[PDB]
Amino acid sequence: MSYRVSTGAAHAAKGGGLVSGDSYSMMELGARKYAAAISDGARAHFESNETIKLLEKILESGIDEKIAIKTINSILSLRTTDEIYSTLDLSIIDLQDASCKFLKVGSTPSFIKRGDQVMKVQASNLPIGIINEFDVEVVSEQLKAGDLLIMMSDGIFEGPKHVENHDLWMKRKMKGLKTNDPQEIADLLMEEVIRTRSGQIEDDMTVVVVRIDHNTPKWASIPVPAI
């Protein structure tokens, strides 16, 4: 079955704010590895791929998204015959301002529950007029305190044995959620389709869910002395 971990953290800068000589990070290799690090003294403890780093750079600098798609596609071609033959689904949240960046690569789409308005993650203009070898999508939303972001592989977005518009099927099981708990939602959705064929599943299944919070904890309020 494999262990899950649940985690939390808290941080505060000397004098009551600005920047800190403390850094911290963590990462999970789904079902295999969890790591956490703390440091006191330029370096991040963890990073992406190598190809993901690259596609990230681009995702950043000015670049008109139509160009970037082209460009990502070109780097994607550099992959060792062959690893890019799969689907890459990547959301990257900036924790300062809640801005999200999506990077899809031949992948099922993903959804944001907000209140209950469940908009789907689609890029405003699907650019025509180029070669998109790897069926590469790229998107920005602006996330808000409370949003539930859900992500899955084909093995679950399609699972629904009664096929036919899985889009509006998902938003259905999504709008009908008592809970607000990432791990529950995940564990639910998993069930809410396995049922659809009893046990034994066709494909591989994974879903991840992420909730954005902006709570200010009591300790954040405690004032620090004047100069």
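Residue numbers run from 1 along the displayed sequence.
Going from residue 41 to residue 42, the model skips 4 to 9 deposited residues, which lack coordinates. A summary of the deposited B-factors shows that, of 54 to 62 and 30 to 38, the stretch with the larger mean C-alpha value is 54 to 62. Two stretches are in play, 79 to 87 and 140 to 148, and the higher mean C-alpha B-factor belongs to 79 to 87. Each of 108, 71, 132, 117 has a CA temperature factor in the record; the biggest one is found at 117. The PDB entry assigns its highest CA temperature factor, among 18, 10, 212, 205, to 18. Ranked within its chain, residue 47 lands in the lowest third, by CA B factor from the PDB record.
Per the PDB record, residue ranking by Cα B-factor puts residue 93 in the lowest third of the chain. In the PDB entry, residue 227 places in the highest third of its chain by CA B-factor.
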